[PDB]
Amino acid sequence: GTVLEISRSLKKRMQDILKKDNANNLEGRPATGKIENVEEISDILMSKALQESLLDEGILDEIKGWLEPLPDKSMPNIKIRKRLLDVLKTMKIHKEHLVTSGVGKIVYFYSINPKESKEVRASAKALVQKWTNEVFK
């Protein structure tokens, strides 16, 4: 029904933007899709009514992708890093969501990355500490 159609549409939108930015990074063309769309998409990802459908449809995979390094090893613009970590903090994420998505692995990297801003590192650390609770029930 409608809530699944909405969530699947948003998932595809995030996938398409990621693929295009990654292709453009390899090609040497501007890779501005994430930055141009992050505010809008992040607002939708915050919807409490959409949340469970989004998690059920594997949206953590696309969030992880958007936080991951570009093909040339560079990181996404810090505005993306900050806003997506803010999104993740708001979601009721449980063990099964984390195991299937692996989003913990990129957030873990943010928490230890020496190049990262102190603020983003601290945000990631807090998110790792929150999700560590899912290990202990």
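For every residue, the number given is its place in the sequence shown, counted from 1.
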| item | value |
| --- | --- |
| Selected stretch [higher average CA B-factor]: 53-61 or 107-115 | 107-115 |
| Between the two ranges 62-70 and 22-30, the one averaging a larger CA B factor in the entry | 22-30 |
| Entry-reported Cα temperature factor of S123, expressed as the chain third it lands in | middle |
| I80 - Cα temperature factor, lowest/middle/highest third of chain | lowest |
| Lowest, middle or highest third - CA B-factor, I35 | middle |
| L98 CA temperature factor, ranked by third within the chain | middle |
| CA B-factor ranking of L88, expressed as a third of its chain | lowest |
